[PDB]
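Working notes for the structure below.
Coordinate-derived values only; no laboratory data.
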């Protein structure tokens, strides 16, 4: 693994906010964790994953 400190980006697409924020992480997991805490606080998390369509992360409200 590569224990490097990198910065990543996150976009939210809910019925609350439709903007973007960013965070710092070590690996994929770290990023996911900080972003989740934030998204929880906000009140979103239906489709909560990663985006490979402009190196971003995404929390959309499209549940099944």
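Just a few scattered comments:
- Antiparallel %, DSSP beta bridges [both residues in the chain], to 5: 70
- Degrees between helix 28-42 axis and first principal axis of the chain (Cα, 0 to 90, nearest 10): 30
- Our estimate of slack between residue 54 and residue 37, defined as 0.36 nm per intervening residue step minus the Cα-Cα distance, is 3.9 nm.
- Per residue, the average separation of C-alpha pairs within less than 8 Å and at least 6 apart gives the chain a relative contact order of 35 percent.
- Gyration tensor (alpha-carbon) shape descriptor, the chain, a/c threshold 1.5: prolate
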